[PDB]
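Undergrad:
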Amino acid sequence: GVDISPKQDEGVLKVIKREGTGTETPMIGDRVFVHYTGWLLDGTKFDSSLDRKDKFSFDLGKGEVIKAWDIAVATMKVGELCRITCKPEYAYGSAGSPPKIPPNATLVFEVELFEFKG
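Residues in the sequence shown are numbered from 21 upward in steps of one, following the deposited numbering.
So this is what it looks like as structure tokens:
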């Protein structure tokens, strides 16, 4: 249930809901297989991979997602889940997401992690 923003200024609060089950947390440059739901700060759901049919998957600091996902995935264990509460510095704040988001709108992502490296 960690935080790195109203202290050092790294844009995020990651809530533990479903802890851990396998063997450890991932490393910088790791291949990871996730499942996400996500909302804007007004309570508006822009995406939900669970409803669309397929899953989400990335490589920690390689192609790249958002900095709030690289911070929260680095601190997450094999198989379980967490809800991300992040500032625009770690997400769309520099330019905005093309169909609906501008340079100053806070975010919310509930992300599950199944497997990564060991």
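The beta carbon of each residue, even a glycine, is placed where N, CA and C say it ideally should be.
Counting along the chain, where does the beta strand (DSSP E) carrying residue 79 start and finish?
TA: Where residue 79 is concerned, the enclosing beta strand (DSSP E) stretches over 76-79.
Undergrad: Using CA atoms only, rank isn't needed, just tell me which of 47, 117, 60 and 42 is closest to residue 130.
TA: When each option's Cα is compared against that of residue 130, the closest is 60.
Undergrad: Confirm, please, whether the CB-CB distance from residue 80 to residue 98 is below 8 Å.
TA: Not closer than 8 Å, so no.
Undergrad: Taking Cβ positions, are residue 106 and residue 133 nearer each other than 8 Å?
TA: It is not a contact, given that the beta carbons lie outside the stated cut-off.
Undergrad: Quick one: grab the DSSP three-state call for residue 65.
TA: Three-state DSSP puts residue 65 in a strand.
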